[PDB]
Amino acid sequence: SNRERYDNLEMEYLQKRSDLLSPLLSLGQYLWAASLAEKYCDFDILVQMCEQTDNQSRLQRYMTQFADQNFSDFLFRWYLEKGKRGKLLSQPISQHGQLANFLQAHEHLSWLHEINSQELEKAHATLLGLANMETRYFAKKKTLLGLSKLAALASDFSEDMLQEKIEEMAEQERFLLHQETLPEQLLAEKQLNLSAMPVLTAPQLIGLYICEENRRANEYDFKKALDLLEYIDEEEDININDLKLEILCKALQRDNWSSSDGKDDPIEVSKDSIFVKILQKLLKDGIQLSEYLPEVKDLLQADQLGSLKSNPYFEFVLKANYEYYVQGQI
Amino acid sequence: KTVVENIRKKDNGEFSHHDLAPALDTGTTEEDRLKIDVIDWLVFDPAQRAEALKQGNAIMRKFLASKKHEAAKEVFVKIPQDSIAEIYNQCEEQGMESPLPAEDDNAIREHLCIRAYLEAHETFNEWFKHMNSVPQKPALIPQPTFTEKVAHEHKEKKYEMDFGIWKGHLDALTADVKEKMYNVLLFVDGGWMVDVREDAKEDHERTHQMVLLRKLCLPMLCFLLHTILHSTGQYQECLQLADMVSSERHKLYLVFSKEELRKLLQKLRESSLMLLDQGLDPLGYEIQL
């Protein structure tokens, strides 16, 4: 009922307790600083006196003597806000049920205490959350999934829940395999390093694979660039169909639609083109070209094709191969 | 072939799983020599080199599973070093195919797996001989005279040279053994002690022994490679072993026990703690602030 007087007098006391005792600490009088700090509960000066003498046995005595006063929860902040990390995790099992409740504010370290508690079912999920949050370094997202998957392969999950989390993680491995398999010349020409580059979204991986600098882009990179359209969320401001058009246009611009020596069939000659090789992949891999492909009218109204948009040999050979590969599926 | 196969079959010994045990000093006995000194019967005539290699693999598979690495190396020296090329010479003359048949392509691939494992053992043997040779630091004499101080400077300024030379050899041996252990753990397509010719004949003694050797050898090499990297301070590469072991190209996680995946997660954490108390993140990246 007089709290506005109380909390200000409590702050007056807490400040003047630090003002009076911090000279005893900094003059090295670790017996005298601590005889008052144990009588008046100065947990900073008690923890400082411990790290300034490396006195982990007097520190563990305080973690037993002031347990009813949350001294361990104070000490876990004290190991964070300035710190040395190993001494936070290497604590006795008798305080793990307090350390885990501090580390519920420090996910990026909690998995190291979950594994040290053998709660591997948590360590799986914590490392998966940290992997979803790790956009800044591709090799760190991979290592977090690698540790999460190795926790799931070491926890006593039931065979059904274990197959659920193996497959949920296997699709995030399949997604990251599109970034792992970027050509070493494309990486070198853009001066990128897989060990230090960010994670990329599917439109960004598509945008790399189909670019001019991929001076080796083929029916595998132009298959990845189509398969990456299946890894795009319904809240990106991105027409998947215009990506699909621009991927197919840039495949058709890697193919040499110049005229042969006037003796040669354009449905035989097209079979070395990367555009026909991605159609042959879509057909072999089970897809209906009658539903999956843009219209031959409007693939010819896209502007990306540039110079090819004036070539009547390209106009004929594009139509002849669309006719051959789509009427080959009816 | 019957002399060699009857001698291969004299062991009424099933592959028990208790014998994981730390047996010591299990060197080449007379009952091993009667299986080293049997491969000669397929080496006297060149027309048997393919069979010498198929049965030599079978006796090496027994010795490697038995932890008799030198007895497996004694059988590897009973196979003459031309034999891989001689098995192709015996294909191109006479109305065969481009490789020698599907038992023997798989056998050459298996002998190349065994050679890569012997490279990964002998480079470790010499790395370990060298790592235990470490120059001892000159002890400080209490209250020493001027003469004894000069006779401590002229010891410490030799230890500075000896330890510099010793580490200059240790880091080189640590590169070689690391090539050899990665050549086995990341071995080509199919991977180490796995076949490629599905057009081959069944030997279920062979297939069982190969699936067993993948479980004896590949976890052991990962525990050696972690220990080589960790004892030399290469602590971030010790962690990249987790992504290698989980890798869907080689599926090494299918050849460990659950208890050894837990032992591996315990050893991964040794390097993770050494990176933390070095001032790096749990994975060896910069603590940016």
# chains A, B, ... in the order shown; residues from 1 in each chain; ligands from 1
call {"tool": "residues_around", "arguments": {"residues": "residue A:219", "least_positions_apart": "5", "cutoff": "6 Å", "atoms": "only C-alpha atoms", "output": "list in words"}}
result
residues 274, 277 and 278 of chain A
call {"tool": "select_by_dssp", "arguments": {"residues": "stretch 180-292 of chain A", "states": "alpha helix (DSSP H)", "output": "ChimeraX atom specification"}}
result
/A:180,184-189,202-209,221-227,240-252,274-284,289-292
call {"tool": "write_last_selection", "arguments": {"atoms": "C-alpha atoms", "output": "PDB file, in the first residue's frame"}}
result
ATOM      1  CA  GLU A 180      24.627 -26.962 -53.402  1.00  0.00           C
ATOM      2  CA  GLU A 184      31.702 -23.773 -60.035  1.00  0.00           C
ATOM      3  CA  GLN A 185      32.152 -21.325 -62.975  1.00  0.00           C
ATOM      4  CA  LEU A 186      28.831 -19.534 -62.150  1.00  0.00           C
ATOM      5  CA  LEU A 187      30.005 -19.243 -58.509  1.00  0.00           C
ATOM      6  CA  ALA A 188      33.517 -18.057 -59.613  1.00  0.00           C
ATOM      7  CA  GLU A 189      32.235 -15.455 -62.192  1.00  0.00           C
ATOM      8  CA  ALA A 202      13.625 -20.295 -55.260  1.00  0.00           C
ATOM      9  CA  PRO A 203      13.206 -17.187 -57.594  1.00  0.00           C
ATOM     10  CA  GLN A 204      16.849 -16.241 -56.709  1.00  0.00           C
ATOM     11  CA  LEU A 205      18.155 -19.797 -57.461  1.00  0.00           C
ATOM     12  CA  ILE A 206      16.094 -19.780 -60.729  1.00  0.00           C
ATOM     13  CA  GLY A 207      17.564 -16.308 -61.494  1.00  0.00           C
ATOM     14  CA  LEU A 208      21.139 -17.678 -61.029  1.00  0.00           C
ATOM     15  CA  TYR A 209      20.651 -20.930 -63.042  1.00  0.00           C
ATOM     16  CA  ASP A 221      20.101 -26.653 -64.768  1.00  0.00           C
ATOM     17  CA  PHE A 222      17.005 -25.810 -66.917  1.00  0.00           C
ATOM     18  CA  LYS A 223      15.269 -28.795 -65.179  1.00  0.00           C
ATOM     19  CA  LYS A 224      16.266 -27.436 -61.676  1.00  0.00           C
ATOM     20  CA  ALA A 225      14.989 -23.981 -62.768  1.00  0.00           C
ATOM     21  CA  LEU A 226      11.525 -25.505 -63.553  1.00  0.00           C
ATOM     22  CA  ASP A 227      11.501 -27.807 -60.456  1.00  0.00           C
ATOM     23  CA  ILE A 240       5.102 -18.296 -61.274  1.00  0.00           C
ATOM     24  CA  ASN A 241       3.858 -18.408 -64.940  1.00  0.00           C
ATOM     25  CA  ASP A 242       6.098 -15.447 -66.006  1.00  0.00           C
ATOM     26  CA  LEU A 243       9.087 -17.148 -64.320  1.00  0.00           C
ATOM     27  CA  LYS A 244       8.054 -20.338 -66.269  1.00  0.00           C
ATOM     28  CA  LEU A 245       7.924 -18.297 -69.535  1.00  0.00           C
ATOM     29  CA  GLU A 246      11.307 -16.581 -68.836  1.00  0.00           C
ATOM     30  CA  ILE A 247      13.001 -19.957 -67.964  1.00  0.00           C
ATOM     31  CA  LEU A 248      11.749 -21.504 -71.268  1.00  0.00           C
ATOM     32  CA  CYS A 249      12.721 -18.336 -73.247  1.00  0.00           C
ATOM     33  CA  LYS A 250      16.298 -18.475 -71.770  1.00  0.00           C
ATOM     34  CA  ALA A 251      16.546 -22.209 -72.637  1.00  0.00           C
ATOM     35  CA  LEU A 252      15.494 -21.312 -76.234  1.00  0.00           C
ATOM     36  CA  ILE A 274      18.356 -28.196 -74.294  1.00  0.00           C
ATOM     37  CA  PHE A 275      14.693 -27.097 -74.789  1.00  0.00           C
ATOM     38  CA  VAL A 276      13.815 -30.499 -76.400  1.00  0.00           C
ATOM     39  CA  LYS A 277      15.884 -32.298 -73.694  1.00  0.00           C
ATOM     40  CA  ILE A 278      13.798 -30.622 -70.894  1.00  0.00           C
ATOM     41  CA  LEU A 279      10.565 -31.637 -72.765  1.00  0.00           C
ATOM     42  CA  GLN A 280      11.936 -35.239 -72.940  1.00  0.00           C
ATOM     43  CA  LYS A 281      12.663 -35.025 -69.147  1.00  0.00           C
ATOM     44  CA  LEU A 282       9.126 -33.740 -68.314  1.00  0.00           C
ATOM     45  CA  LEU A 283       7.679 -36.615 -70.469  1.00  0.00           C
ATOM     46  CA  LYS A 284       9.968 -39.294 -68.848  1.00  0.00           C
ATOM     47  CA  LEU A 289       2.880 -31.210 -71.636  1.00  0.00           C
ATOM     48  CA  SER A 290      -0.727 -30.363 -72.720  1.00  0.00           C
ATOM     49  CA  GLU A 291      -1.298 -28.790 -69.227  1.00  0.00           C
ATOM     50  CA  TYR A 292       2.238 -27.869 -67.999  1.00  0.00           C
TER      51      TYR A 292
END
call {"tool": "interface_residues", "arguments": {"of": "chain A", "to": "chain B", "cutoff": "8 Å", "atoms": "only C-alpha atoms", "output": "MDAnalysis selection string"}}
result
chainID A and resid 84:86 140 142:143 146:147 149:150 153:154
call {"tool": "write_last_selection", "arguments": {"atoms": "C-alpha atoms", "output": "compact mmCIF listing (two decimals), in the first residue's frame"}}
result
# COMPACT_ATOMS: atom_id res chain seq x y z
CA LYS A 84 32.69 -17.01 -21.39
CA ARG A 85 30.46 -19.72 -22.95
CA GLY A 86 31.79 -23.16 -21.79
CA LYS A 140 25.36 -22.94 -41.35
CA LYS A 142 23.12 -27.13 -43.79
CA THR A 143 25.08 -27.80 -40.54
CA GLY A 146 22.77 -32.01 -40.29
CA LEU A 147 22.81 -31.80 -36.45
CA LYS A 149 18.72 -34.89 -38.39
CA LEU A 150 21.51 -36.56 -36.32
CA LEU A 153 18.46 -40.36 -35.65
CA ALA A 154 19.54 -40.66 -31.93
call {"tool": "closest_residue", "arguments": {"among": "A:57, A:327, A:214, A:158", "to": "residue A:190", "atoms": "only C-alpha atoms"}}
result
A:214
call {"tool": "residues_around", "arguments": {"residues": "residue B:42", "least_positions_apart": "6", "cutoff": "10 Å", "atoms": "only C-alpha atoms", "output": "mmCIF file with N, CA and C atoms, in the first residue's frame"}}
result
data_model
loop_
_atom_site.group_PDB
_atom_site.id
_atom_site.type_symbol
_atom_site.label_atom_id
_atom_site.label_comp_id
_atom_site.auth_asym_id
_atom_site.auth_seq_id
_atom_site.Cartn_x
_atom_site.Cartn_y
_atom_site.Cartn_z
ATOM 1 N N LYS B 1 41.506 -73.310 -57.516
ATOM 2 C CA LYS B 1 40.335 -72.672 -56.895
ATOM 3 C C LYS B 1 39.762 -73.520 -55.757
ATOM 4 N N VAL B 3 41.492 -75.812 -53.818
ATOM 5 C CA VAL B 3 42.472 -75.693 -52.715
ATOM 6 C C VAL B 3 42.241 -74.401 -51.925
ATOM 7 N N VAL B 4 42.140 -73.270 -52.631
ATOM 8 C CA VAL B 4 41.919 -71.948 -52.026
ATOM 9 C C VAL B 4 40.546 -71.857 -51.361
ATOM 10 N N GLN B 48 44.710 -67.164 -64.025
ATOM 11 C CA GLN B 48 43.972 -67.170 -62.761
ATOM 12 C C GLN B 48 44.014 -65.847 -61.976
ATOM 13 N N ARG B 49 44.607 -64.752 -62.496
ATOM 14 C CA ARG B 49 44.696 -63.461 -61.761
ATOM 15 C C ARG B 49 43.341 -62.924 -61.284
ATOM 16 N N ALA B 50 42.286 -63.064 -62.087
ATOM 17 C CA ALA B 50 40.927 -62.663 -61.711
ATOM 18 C C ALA B 50 40.416 -63.434 -60.477
ATOM 19 N N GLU B 51 40.691 -64.738 -60.415
ATOM 20 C CA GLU B 51 40.312 -65.591 -59.288
ATOM 21 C C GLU B 51 41.205 -65.355 -58.060
ATOM 22 N N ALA B 52 42.512 -65.131 -58.255
ATOM 23 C CA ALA B 52 43.439 -64.728 -57.194
ATOM 24 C C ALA B 52 42.968 -63.450 -56.490
ATOM 25 N N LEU B 53 42.443 -62.493 -57.259
ATOM 26 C CA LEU B 53 41.903 -61.240 -56.750
ATOM 27 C C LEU B 53 40.537 -61.454 -56.062
ATOM 28 N N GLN B 55 39.384 -64.341 -54.566
ATOM 29 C CA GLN B 55 39.648 -65.083 -53.326
ATOM 30 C C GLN B 55 40.565 -64.309 -52.369
ATOM 31 N N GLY B 56 41.531 -63.551 -52.894
ATOM 32 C CA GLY B 56 42.359 -62.630 -52.116
ATOM 33 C C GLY B 56 41.513 -61.580 -51.399
ATOM 34 N N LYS B 78 50.517 -60.614 -51.612
ATOM 35 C CA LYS B 78 50.367 -61.847 -52.415
ATOM 36 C C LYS B 78 49.691 -61.614 -53.774
ATOM 37 N N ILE B 79 48.978 -60.501 -53.969
ATOM 38 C CA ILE B 79 48.358 -60.124 -55.252
ATOM 39 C C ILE B 79 49.335 -59.220 -56.031
#
call {"tool": "residues_around", "arguments": {"residues": "residue A:91", "least_positions_apart": "2", "cutoff": "12 Å", "atoms": "only C-alpha atoms", "output": "CSV table (one decimal) with N, CA, C and O atoms, in the first residue's frame"}}
result
chain,number,residue,atom,x,y,z
A,56,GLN,N,34.8,-21.6,-8.5
A,56,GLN,CA,33.6,-22.3,-8.9
A,56,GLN,C,33.0,-23.1,-7.7
A,56,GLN,O,31.8,-23.4,-7.7
A,57,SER,N,33.7,-23.5,-6.7
A,57,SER,CA,33.2,-24.2,-5.5
A,57,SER,C,32.4,-23.2,-4.6
A,57,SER,O,31.4,-23.6,-4.1
A,59,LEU,N,31.1,-20.5,-5.8
A,59,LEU,CA,30.0,-20.2,-6.7
A,59,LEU,C,28.9,-21.2,-6.6
A,59,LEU,O,27.7,-20.9,-6.4
A,60,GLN,N,29.2,-22.5,-6.7
A,60,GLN,CA,28.2,-23.6,-6.5
A,60,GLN,C,27.6,-23.6,-5.1
A,60,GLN,O,26.5,-23.9,-4.9
A,63,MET,N,24.9,-21.0,-5.5
A,63,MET,CA,23.8,-21.6,-6.2
A,63,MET,C,23.1,-22.7,-5.4
A,63,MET,O,22.0,-23.1,-5.8
A,72,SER,N,21.0,-18.7,-9.3
A,72,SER,CA,21.3,-19.4,-10.6
A,72,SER,C,20.8,-18.7,-11.8
A,72,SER,O,21.6,-18.5,-12.8
A,75,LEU,N,22.9,-15.7,-12.2
A,75,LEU,CA,24.2,-16.1,-12.7
A,75,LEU,C,24.2,-16.5,-14.2
A,75,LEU,O,25.2,-16.2,-14.9
A,76,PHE,N,23.1,-17.0,-14.7
A,76,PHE,CA,23.0,-17.3,-16.2
A,76,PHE,C,22.9,-16.1,-17.0
A,76,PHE,O,23.6,-16.0,-18.0
A,79,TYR,N,26.6,-14.8,-17.0
A,79,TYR,CA,27.4,-15.5,-18.0
A,79,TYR,C,27.1,-15.1,-19.4
A,79,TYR,O,27.9,-15.5,-20.3
A,85,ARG,N,31.6,-18.8,-22.7
A,85,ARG,CA,30.5,-19.7,-22.9
A,85,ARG,C,30.5,-21.1,-22.3
A,85,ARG,O,29.5,-21.6,-21.9
A,86,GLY,N,31.7,-21.8,-22.3
A,86,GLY,CA,31.8,-23.2,-21.8
A,86,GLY,C,31.3,-23.4,-20.4
A,86,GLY,O,30.5,-24.3,-20.1
A,87,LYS,N,31.6,-22.4,-19.5
A,87,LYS,CA,31.1,-22.4,-18.0
A,87,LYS,C,29.6,-22.4,-17.8
A,87,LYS,O,29.2,-22.7,-16.7
A,88,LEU,N,28.8,-22.0,-18.8
A,88,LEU,CA,27.4,-22.0,-18.7
A,88,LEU,C,26.8,-23.4,-18.9
A,88,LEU,O,25.8,-23.8,-18.2
A,89,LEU,N,27.3,-24.2,-19.9
A,89,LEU,CA,26.8,-25.5,-20.3
A,89,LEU,C,27.4,-26.6,-19.3
A,89,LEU,O,26.7,-27.6,-19.0
A,93,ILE,N,23.8,-31.3,-13.0
A,93,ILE,CA,22.5,-31.8,-13.4
A,93,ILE,C,21.4,-31.2,-12.4
A,93,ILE,O,20.3,-30.9,-12.9
A,94,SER,N,21.8,-31.0,-11.2
A,94,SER,CA,20.9,-30.5,-10.1
A,94,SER,C,20.4,-29.0,-10.4
A,94,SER,O,19.5,-28.6,-9.8
A,95,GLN,N,21.0,-28.3,-11.4
A,95,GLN,CA,20.6,-27.0,-11.8
A,95,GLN,C,20.1,-27.0,-13.3
A,95,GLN,O,19.8,-25.9,-13.8
A,96,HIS,N,20.1,-28.1,-14.0
A,96,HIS,CA,19.6,-28.2,-15.4
A,96,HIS,C,18.2,-27.8,-15.5
A,96,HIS,O,17.9,-27.0,-16.5
A,97,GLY,N,17.3,-28.1,-14.6
A,97,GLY,CA,15.9,-27.6,-14.5
A,97,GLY,C,15.7,-26.1,-14.2
A,97,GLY,O,14.6,-25.6,-14.1
A,98,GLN,N,16.8,-25.4,-14.0
A,98,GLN,CA,16.9,-23.9,-14.0
A,98,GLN,C,17.6,-23.4,-15.3
A,98,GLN,O,17.1,-22.4,-15.9
A,99,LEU,N,18.7,-24.0,-15.7
A,99,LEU,CA,19.4,-23.6,-16.9
A,99,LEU,C,18.5,-23.7,-18.2
A,99,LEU,O,18.5,-22.7,-19.0
A,100,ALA,N,17.7,-24.7,-18.3
A,100,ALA,CA,16.8,-24.9,-19.4
A,100,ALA,C,15.7,-23.7,-19.5
A,100,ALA,O,15.3,-23.3,-20.6
A,113,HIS,N,22.4,-27.6,-24.3
A,113,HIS,CA,22.0,-28.0,-23.0
A,113,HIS,C,20.9,-29.2,-23.1
A,113,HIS,O,21.0,-30.1,-22.4
A,116,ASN,N,23.0,-32.1,-23.9
A,116,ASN,CA,23.7,-32.4,-22.6
A,116,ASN,C,22.8,-33.0,-21.5
A,116,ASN,O,23.2,-33.5,-20.5
A,117,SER,N,21.5,-32.8,-21.7
A,117,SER,CA,20.4,-33.4,-20.8
A,117,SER,C,19.8,-34.7,-21.5
A,117,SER,O,19.0,-35.4,-20.8
call {"tool": "residues_around", "arguments": {"residues": "residue B:174", "least_positions_apart": "3", "cutoff": "8 Å", "atoms": "only C-alpha atoms", "output": "ChimeraX atom specification"}}
result
/B:127,170-171,177-178,228-229
